[PDB]
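J.: One structure coming up, written as structure tokens, with questions to follow.
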Amino acid sequence: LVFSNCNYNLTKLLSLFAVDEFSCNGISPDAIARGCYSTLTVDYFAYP
Amino acid sequence: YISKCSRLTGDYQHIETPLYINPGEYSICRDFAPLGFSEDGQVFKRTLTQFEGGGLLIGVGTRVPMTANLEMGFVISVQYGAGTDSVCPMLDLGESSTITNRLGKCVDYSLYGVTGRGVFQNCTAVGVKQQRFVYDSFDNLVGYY
Amino acid sequence: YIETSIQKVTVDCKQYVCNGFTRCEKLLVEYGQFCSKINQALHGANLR
Amino acid sequence: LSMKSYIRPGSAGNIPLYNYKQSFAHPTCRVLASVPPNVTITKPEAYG
Amino acid sequence: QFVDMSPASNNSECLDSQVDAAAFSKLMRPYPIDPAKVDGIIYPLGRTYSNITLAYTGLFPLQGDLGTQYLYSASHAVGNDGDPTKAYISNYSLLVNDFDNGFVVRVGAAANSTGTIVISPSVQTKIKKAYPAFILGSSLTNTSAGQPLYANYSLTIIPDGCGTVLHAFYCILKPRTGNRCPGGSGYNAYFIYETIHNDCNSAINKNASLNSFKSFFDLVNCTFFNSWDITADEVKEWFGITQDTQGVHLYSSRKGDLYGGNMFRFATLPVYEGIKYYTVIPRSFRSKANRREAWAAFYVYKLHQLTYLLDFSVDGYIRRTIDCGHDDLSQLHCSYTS
Ligand SMILES: *[C@@H]1O[C@H](CO)[C@@H](O[C@@H]2O[C@H](CO)[C@@H](O[C@@H]3O[C@H](CO)[C@@H](O)[C@H](O)[C@H]3NC(C)=O)[C@H](O)[C@H]2NC(C)=O)[C@H](O)[C@H]1NC(C)=O
Ligand SMILES: *[C@@H]1O[C@H](CO)[C@@H](O[C@@H]2O[C@H](CO)[C@@H](O)[C@H](O)[C@H]2NC(C)=O)[C@H](O)[C@H]1NC(C)=O
Ligand SMILES: *[C@@H]1O[C@H](CO)[C@@H](O[C@@H]2O[C@H](CO)[C@@H](O)[C@H](O)[C@H]2NC(C)=O)[C@H](O)[C@H]1NC(C)=O
Ligand SMILES: *[C@@H]1O[C@H](CO)[C@@H](O)[C@H](O)[C@H]1NC(C)=O
Ligand SMILES: *[C@@H]1O[C@H](CO)[C@@H](O)[C@H](O)[C@H]1NC(C)=O
Ligand SMILES: *[C@@H]1O[C@H](CO)[C@@H](O)[C@H](O)[C@H]1NC(C)=O
Ligand SMILES: *[C@@H]1O[C@H](CO)[C@@H](O)[C@H](O)[C@H]1NC(C)=O
Ligand SMILES: *[C@@H]1O[C@H](CO)[C@@H](O)[C@H](O)[C@H]1NC(C)=O
């Protein structure tokens with residue numbers, strides 16, 4: 001999913017998932033969660 | 001998950017070349033079983049045409065039991081300077097959203113996904129208006145539309 | 001004995017730094033405003 | 001222990017905002033442990 | 001989650017045509033890539049400069065590259081005022097190319113000038129701009145004898161509306177089983193064909209070429225369908241197609257620099273599979289023999305990962321470029337970035 005020119009509700013994303021592991025390179029979660037970006041790209045899959 | 005994806009070649013079909021994917025790319029063995037593998041270690045064979053290279057493409061798939069709760073993986077990537085529109089968290093329009101009266105004072109600007117510190121003045125239009133940011137040789141912002 | 005000159009040496013910034021490895025050169029493209037300054041400085045010193 | 005990722009430095013949850021933020025002015029260690037059955041520390045009714 | 005292509009073609013069989021590759025292969029009016037006259041240059045994304053020269057590393061064509069030349073002919077018509085009978089096309093549809101990095105297209109090169117008519121060598125008339133049609137995909141197959149047909153999902157880019165609308169749809173092509181169609185008995189070639197009388201000299205039908213396409217393939221589940229509007233003129237222009245992790249980006253000069261010729265992005269389609277092959281669809285023009293007019297060729301240059309030296313005017317447009325690897329003097333000029 002490619003996101004450009006939109007706004008996302010963080011309240012929902014906090015509740016719809018229970019995070020078990022963060023691992024970030026170059027960025028931190030509370031910079032995607034507090035800053036505005038030219039584009040987001042999310043690759044999602046089902047993984048044990 | 002796919003555990004073996006290799007190309008068979010040879011008159012005796014005795015040459016195996018493992019096929020590896022590049023970052024952020026799909027696999028040629030994706031279309032063997034797009035949904036899932038019905039049995040552990042399931043093996044599929046398919047023939048390739050001359051345009052792709054030819055031979056017997058081979059795939060093997062492994063099956064892992066489903067857990068009580070669906071567990072998911074996400075890869076998030078942020079791209080800078082890929083346009084003139086931005087992705088943002090839902091937030092109220094800040095009262096600091098105007099600059100018409102604070103010309104000449106150092107401010108921390110966050111404009112459409114480009115961030116920095118600067119002083120704004122009124123100037124004549126240069127560059128292409130369509131792209132909203134004018135840069136110098138050293139990748140510093142010098143004009144804003 | 002009176003010395004009147006030194007040996008004129010010039011350097012290739014993209015060969016000294018990255019010994020022909022294309023993996024290294026691609027990271028040096030972000031640089032290369034620091035290579036020209038080395039190349040231009042040595043050209044002037046040899047010109048003088 | 002199921003919310004360990006939310007106590008890490010750089011999480012995007014509500015723990016660093018309204019619950020607990022760690023200070024890195026000094027050498028620090030964040031330890032998550034489990035109290036054995038026979039150790040006398042009364043459990044709360046739930047986590048909050 | 002699928003757009004519906006409800007007006008499916010009910011045609012009994014695909015239209016007959018005669019393919020003659022030798023006739024088109026003879027014509028040649030080369031256009032080597034010349035950095036001095038800015039050619040096929042993608043303007044930097046999301047940023048502009050004014051009155052400055054710098055070095056940009058991106059997707060650029062090679063200097064002095066001949067490219068590939070494609071021609072669109074007229075249609076066979078019996079009688080001076082008779083309606084067109086059958087299509088005259090080249091074998092473009094049977095050839096599979098590589099999309100490795102992307103490609104740029106010179107369009108409307110021979111506009112405003114006289115030239116021969118392909119179908120009738122004797123007739124010489126003024127040439128008109130003809131936009132290309134593309135199919136891009138990631139996997140292939142054959143009918144039975146080796147004619148190439150695209151697999152599950154294909155991006156199809158077709159101009160319509162007598163050169164006034166551009167249609168791009170990412171969807172599934174199912175070979176139709178009609179007579180002499182790709183799933184039929186005698187499959188010579190697939191092409192798009194439009195009658196000038198139906199649309200151009202009337203309320204312009206923005207679906208003619210798409211309707212012709214539906215005769216050859218059925219549009220199975222067929223995710224998305226996008227359409228942009230094209231102003232009608234006879235100016236030369238540039239077009240470009242690129243792909244990366246955000247999808248398939250489309251560039252054109254008409255979006256921002258109609259006269260200078262710099263290419264600006266206007267669309268980012270969500271095609272993330274990874275395009276490996278592309279093919280030009282023959283586009284025959286159908287009308288009477290007297291109305292027959294020659295249509296300008298287009299040139300498909302191939303993009304490579306290169307560095308150029310770009311000169312930006314005060315208005316922000318590019319007027320001079322140097323390919324930094326063509327020869328020693330070019331590398332010297334880029335080394336001093338001036
Ligand atoms: C083929 O013929 C076309 C017309 O038959 C030519 O189209 C003309 O191109 C001119 C530029 O070469 C245009 O001039 C522009 O006019 C606008 C309107 O006022 C100005 O803003 C622009 O500044 C001006 N361009 C420049 C560079 O100053 C004409 O308007 C335009 N006319 C029509 C009817 O389209 C083609 O140029 C000509 N050559 C080619 C290669 O197609
Ligand atoms: C041209 O063809 C397109 C097919 O892509 C038509 O768009 C669809 O038309 C059908 C039939 O009316 C509708 O049910 C669909 O909802 C349309 N698609 C969308 C996305 O709205 C289009 O109407 C045709 N135009 C003309 C003039 O025939
Ligand atoms: C075209 O596709 C066919 C099947 O889809 C491929 O199979 C061969 O087809 C040729 C004739 O086209 C037959 O003589 C062979 O016996 C077929 N092989 C098998 C194993 O059945 C064919 O390889 C593809 N390519 C060409 C050039 O025909
Ligand atoms: C958080 O999400 C809720 C949805 O229930 C929404 O009403 C609220 O506005 C969001 N927070 C902010 C700051 O927008
Ligand atoms: C297509 O036509 C060209 C021009 O003659 C020819 O060289 C080529 O072999 C043809 N290809 C096919 C597949 O017919
Ligand atoms: C553009 O840059 C040149 C290079 O120094 C300079 O001489 C000139 O004044 C600048 N402005 C214009 C309008 O050319
Ligand atoms: C793609 O098309 C081929 C053609 O036969 C088919 O075998 C294959 O299953 C298709 N792929 C998917 C994912 O359905
Ligand atoms: C189109 O979608 C339907 C339902 O989603 C599916 O059954 C069908 O196989 C799809 N078409 C192809 C060619 O796979």
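Ordering of the structure tokens sets the chain letters (A, B, ...); residue numbers start at 1 within each chain; ligands are numbered from 1 in the order shown.
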Determine, counting only C-alpha atoms, which protein, DNA and RNA residues have an atom within 12 Å of an atom of segment 15-29 of chain A; residues of the same chain fewer than 5 positions away are not included. Present the result as a ChimeraX atom specification.
T.: /A:9-10,34-35,37,48 /B:69-79 /D:1-14,16
J.: Mind listing the residues within 9 Å of ligand 6, only C-alpha atoms and all ligand atoms counted, as a PDB file with N, CA, C and O atoms, in the first residue's frame?
T.:
ATOM      1  N   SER E  50      16.899  27.197 -10.169  1.00  0.00           N
ATOM      2  CA  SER E  50      16.857  28.330 -11.083  1.00  0.00           C
ATOM      3  C   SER E  50      18.264  28.853 -11.320  1.00  0.00           C
ATOM      4  O   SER E  50      18.981  29.158 -10.363  1.00  0.00           O
ATOM      5  N   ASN E  51      18.650  28.952 -12.594  1.00  0.00           N
ATOM      6  CA  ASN E  51      19.912  29.573 -12.994  1.00  0.00           C
ATOM      7  C   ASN E  51      21.110  28.899 -12.326  1.00  0.00           C
ATOM      8  O   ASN E  51      21.848  29.513 -11.554  1.00  0.00           O
ATOM      9  N   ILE E  52      21.304  27.620 -12.642  1.00  0.00           N
ATOM     10  CA  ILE E  52      22.365  26.865 -11.980  1.00  0.00           C
ATOM     11  C   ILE E  52      22.666  25.578 -12.739  1.00  0.00           C
ATOM     12  O   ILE E  52      21.792  25.011 -13.397  1.00  0.00           O
ATOM     13  N   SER E 313      17.672  27.099 -16.297  1.00  0.00           N
ATOM     14  CA  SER E 313      17.506  28.507 -16.618  1.00  0.00           C
ATOM     15  C   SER E 313      16.943  29.236 -15.400  1.00  0.00           C
ATOM     16  O   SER E 313      16.793  28.674 -14.314  1.00  0.00           O
ATOM     17  N   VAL E 314      16.637  30.522 -15.571  1.00  0.00           N
ATOM     18  CA  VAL E 314      16.017  31.274 -14.486  1.00  0.00           C
ATOM     19  C   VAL E 314      14.584  30.809 -14.266  1.00  0.00           C
ATOM     20  O   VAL E 314      14.128  30.680 -13.124  1.00  0.00           O
TER      21      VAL E 314
END
J.: Return as a ChimeraX atom specification every polymer residue, whether protein, DNA or RNA, with at least one atom no more than 10 Å from an atom of ligand 8; count only C-alpha atoms and all ligand atoms.
T.: /E:1-2,152-153,171-174,219-223
J.: Next, dump the selected residues to file, keeping only C-alpha atoms, as a CSV table (one decimal), in the first residue's frame.
T.:
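Output below, filename result30.csv:
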chain,number,residue,atom,x,y,z
E,1,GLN,CA,-12.4,-4.5,-5.5
E,2,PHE,CA,-12.6,-4.7,-9.3
E,152,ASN,CA,-2.2,-12.9,-15.7
E,153,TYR,CA,-2.0,-9.2,-15.2
E,171,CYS,CA,-6.1,-5.9,-15.7
E,172,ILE,CA,-6.4,-9.4,-17.0
E,173,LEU,CA,-6.4,-10.2,-20.8
E,174,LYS,CA,-8.2,-13.4,-21.6
E,219,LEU,CA,-11.0,-7.9,-19.5
E,220,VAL,CA,-11.0,-10.3,-16.6
E,221,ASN,CA,-11.4,-9.1,-13.1
E,222,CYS,CA,-9.4,-6.1,-14.0
E,223,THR,CA,-8.5,-4.0,-11.0
J.: Let me see if you get this right: every residue at most 10 Å from ligand 3, counting only C-alpha atoms and all ligand atoms, written as an mmCIF file with N, CA and C atoms, in the first residue's frame.
T.:
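Result file is selection-v3.cif:
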data_model
loop_
_atom_site.group_PDB
_atom_site.id
_atom_site.type_symbol
_atom_site.label_atom_id
_atom_site.label_comp_id
_atom_site.auth_asym_id
_atom_site.auth_seq_id
_atom_site.Cartn_x
_atom_site.Cartn_y
_atom_site.Cartn_z
ATOM 1 N N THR B 47 6.653 -25.378 -16.939
ATOM 2 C CA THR B 47 7.526 -25.157 -18.083
ATOM 3 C C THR B 47 7.572 -23.674 -18.428
ATOM 4 N N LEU B 48 8.764 -23.186 -18.758
ATOM 5 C CA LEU B 48 8.950 -21.796 -19.149
ATOM 6 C C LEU B 48 9.127 -21.703 -20.657
ATOM 7 N N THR B 49 8.611 -20.628 -21.242
ATOM 8 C CA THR B 49 8.739 -20.425 -22.674
ATOM 9 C C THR B 49 10.143 -19.936 -23.023
ATOM 10 N N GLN B 50 10.399 -19.821 -24.327
ATOM 11 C CA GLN B 50 11.713 -19.385 -24.788
ATOM 12 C C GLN B 50 11.981 -17.925 -24.444
ATOM 13 N N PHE B 51 10.937 -17.092 -24.390
ATOM 14 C CA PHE B 51 11.138 -15.681 -24.071
ATOM 15 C C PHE B 51 11.692 -15.504 -22.665
ATOM 16 N N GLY B 54 13.314 -20.557 -20.866
ATOM 17 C CA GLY B 54 13.053 -21.959 -21.109
ATOM 18 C C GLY B 54 13.571 -22.855 -19.997
ATOM 19 N N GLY B 55 12.944 -24.015 -19.877
ATOM 20 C CA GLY B 55 13.315 -25.004 -18.887
ATOM 21 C C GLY B 55 12.150 -25.373 -17.992
ATOM 22 N N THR E 141 3.257 -16.172 -22.570
ATOM 23 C CA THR E 141 2.942 -17.503 -23.076
ATOM 24 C C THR E 141 2.740 -17.391 -24.583
ATOM 25 N N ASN E 142 2.428 -18.515 -25.221
ATOM 26 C CA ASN E 142 2.136 -18.533 -26.646
ATOM 27 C C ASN E 142 0.750 -19.116 -26.886
ATOM 28 N N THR E 143 0.186 -18.843 -28.064
ATOM 29 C CA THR E 143 -1.042 -19.542 -28.420
ATOM 30 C C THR E 143 -0.766 -21.028 -28.601
ATOM 31 N N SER E 144 -0.136 -21.383 -29.721
ATOM 32 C CA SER E 144 0.481 -22.692 -29.898
ATOM 33 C C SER E 144 1.808 -22.657 -30.645
ATOM 34 N N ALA E 145 2.023 -21.699 -31.543
ATOM 35 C CA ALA E 145 3.157 -21.706 -32.457
ATOM 36 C C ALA E 145 4.263 -20.742 -32.059
ATOM 37 N N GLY E 146 4.114 -20.026 -30.947
ATOM 38 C CA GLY E 146 5.119 -19.082 -30.502
ATOM 39 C C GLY E 146 4.724 -17.626 -30.592
ATOM 40 N N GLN E 147 3.518 -17.313 -31.054
ATOM 41 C CA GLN E 147 3.054 -15.937 -30.990
ATOM 42 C C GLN E 147 2.907 -15.522 -29.527
ATOM 43 N N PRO E 148 3.421 -14.359 -29.146
ATOM 44 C CA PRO E 148 3.482 -14.018 -27.721
ATOM 45 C C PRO E 148 2.226 -13.337 -27.199
#
J.: Can you work out which residues are within 9 Å of ligand 7, considering only C-alpha atoms and all ligand atoms, and then hand them over as a ChimeraX atom specification?
T.: /B:30-34 /E:139-141,150-153
